[PDB]
S.K.: 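Here's a structure for you.
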Amino acid sequence: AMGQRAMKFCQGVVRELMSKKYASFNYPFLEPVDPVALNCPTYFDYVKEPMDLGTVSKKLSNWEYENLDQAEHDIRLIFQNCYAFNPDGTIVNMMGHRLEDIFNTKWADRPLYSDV
Ligand SMILES: CC(=O)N1CCc2[nH]c3ccc(C(=O)Nc4ccc(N5CCOCC5)cc4)cc3c2C1
């Protein structure tokens with residue numbers, strides 16, 4: 001449903017967030033959380049809609065988002081899950097906050113207008 005300009009903007013933002021530039025604090029957020037492999041077996045007692053950057057990218061690439069608000073919701077869900085599960089002071093929590101700061105900076109430039 002999304003037009004080309006907004007779609008391209010979102011794909012760019014997500015790929016930048018997954019880019020090597022941010023490797024130092026984005027790596028817990030590229031793929032879906034695996035509770036057992038990470039020794040966090042209670043993960044899905046705290047989180048009910050898992051989300052990750054790779055997932056948002058895949059949904060974008062399949063034209064699954066009608067609009068920037070839906071894409072923004074999934075992306076913010078990444079960080080909301082992060083903070084719901086990782087207590088204050090944990091390394092993953094702090095990486096999540098850092099990644100959200102970068103996301104907000106990039107997103108403030110979002111296309112305000114669409115037109116076909
Ligand atoms: C999001 C969240 O809420 N979690 C809950 C608590 C928690 N604890 C962790 C400890 C370690 C890791 C981890 O090692 N992730 C990791 C991912 C990818 C790679 N690579 C493979 C390919 O890409 C290049 C490198 C290396 C590592 C992740 C976590 C999480 C996730």
Side-chain angles (χ1 to χ4, degrees):
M2 261 183 107
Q4 202 212 19
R5 194 188 179 193
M7 173 76 63
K8 291 304 195 173
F9 173 81
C10 270
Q11 285 176 329
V13 175
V14 172
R15 280 171 185 189
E16 296 180 349
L17 288 180
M18 306 180 302
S19 177
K20 300 76 187 73
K21 215 166 191 64
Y22 309 121
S24 68
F25 53 92
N26 73 356
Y27 67 79
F29 309 104
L30 295 61
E31 277 185 1
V33 170
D34 186 321
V36 168
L38 298 173
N39 288 290
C40 313
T42 69
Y43 182 75
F44 287 106
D45 304 339
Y46 303 84
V47 172
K48 298 303 171 175
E49 170 78 4
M51 190 53 56
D52 66 274
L53 292 167
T55 298
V56 180
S57 163
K58 285 170 62 174
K59 290 167 78 165
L60 285 173
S61 302
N62 286 287
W63 294 277
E64 290 186 37
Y65 296 124
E66 172 189 15
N67 60 53
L68 295 170
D69 274 338
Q70 299 186 349
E72 186 196 341
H73 177 293
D74 271 6
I75 292 170
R76 303 215 167 274
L77 202 27
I78 299 174
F79 311 123
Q80 165 175 338
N81 291 347
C82 178
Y83 316 149
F85 183 73
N86 303 271
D88 288 344
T90 61
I91 291 73
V92 171
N93 183 289
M94 302 187 334
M95 284 175 287
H97 284 286
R98 199 74 213 97
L99 198 58
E100 180 178 34
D101 293 339
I102 294 169
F103 168 61
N104 296 334
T105 295
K106 291 191 184 285
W107 193 256
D109 296 42
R110 58 167 175 289
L112 295 188
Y113 182 107
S114 299
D115 163 33
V116 183

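One-based numbering along the sequence shown.
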S.K.: Hey, is CD on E64 packed in by over 12 heavy atoms from elsewhere, all under 6.0 Å?
M.R.: yes
S.K.: How long is the span from the CG atom in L17 to the NZ atom in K106, to the nearest 0.5 Å?
M.R.: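 Output value for this atom pair is 6.5 Å.
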S.K.: Answer yes or no: is there a side-chain heavy-atom contact under 4.5 Å between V14 and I75?
M.R.: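 When only atoms from C-beta onward are counted, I75 and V14 do touch, with a gap below 4.5 Å.
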S.K.: With a 4.5 Å cut-off on side-chain heavy atoms, are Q11 and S61 touching?
M.R.: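 Yes, their side chains come closer than 4.5 Å.
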S.K.: Which distance, rounded to the nearest 0.5 Å, do you find between the CZ of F103 and the CD1 of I78?
M.R.: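 Between atom CZ of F103 and atom CD1 of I78 there are 8.5 Å.
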S.K.: Considering only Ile, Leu, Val, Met, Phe, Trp and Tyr, and joining two whenever side-chain heavy atoms are under 4.5 Å apart, list the other residues clustered with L38.
M.R.: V33, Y43, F44, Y46, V47, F85
S.K.: Is there a side-chain contact between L53 and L99 in this structure, where contact means two heavy atoms from C-beta onward sitting under 4.5 Å apart?
M.R.: yes
S.K.: Side-chain contact, heavy-atom cut-off 4.5 Å: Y22 with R98?
M.R.: no
S.K.: Could you tell me which non-hydrogen atom of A6 sits nearest to which non-hydrogen atom of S114, and how far apart they are?
M.R.: CB-OG, 4.3 Å
S.K.: Please round to the nearest 0.5 Å and tell me the distance separating atom CD of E100 and atom CD of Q80.
M.R.: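 Answer for the CD-CD pair, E100 versus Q80, is 10.0 Å.
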S.K.: Under a 4.5 Å cut-off applied to non-hydrogen side-chain atoms, are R76 and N104 in contact?
M.R.: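 A side-chain contact exists here, since the closest heavy-atom pair is under 4.5 Å.
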S.K.: To the closest 0.5 Å, what do you measure between CG (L112) and CG (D109)?
M.R.: 9.5 Å
S.K.: Once ring-ring contact (aromatic ring centres under 6.0 Å, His included) is applied, what residue pairs with a partner in residues 54-84 remain, sequence neighbours excluded?
M.R.: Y83-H97
S.K.: Taking the side chain as C-beta and beyond, is there a heavy-atom pair between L68 and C10 under 4.5 Å?
M.R.: yes
S.K.: Starting at CG of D52, measure out to CE of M18 and round the result to the nearest 0.5 Å.
M.R.: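 It is 9.5 Å, given to the nearest 0.5 Å.
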S.K.: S24 and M95: which non-hydrogen atoms are nearest, and at how many Å?
M.R.: O-SD, 4.3 Å
S.K.: To the closest 0.5 Å, what do you measure between CD (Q70) and CE (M2)?
M.R.: 9.0 Å
S.K.: Please check this pair: side chain of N93 against backbone of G89, looking for a donor-acceptor N/O pair closer than 3.5 Å.
M.R.: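 Side chain of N93 to backbone of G89, a donor-acceptor pair under 3.5 Å: no, none is there.
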S.K.: Would you mind reporting whether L60 and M7 have side-chain heavy atoms less than 4.5 Å apart?
M.R.: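 Answer yes - side chains close enough.
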S.K.: Who are the salt bridge (charged side-chain N to carboxylate O under 4.0 Å, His left out) partners of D74, not counting sequence neighbours?
M.R.: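 With sequence neighbours excluded, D74 shows a salt bridge (charged side-chain N to carboxylate O under 4.0 Å, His left out) to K59, given in chain and number order.
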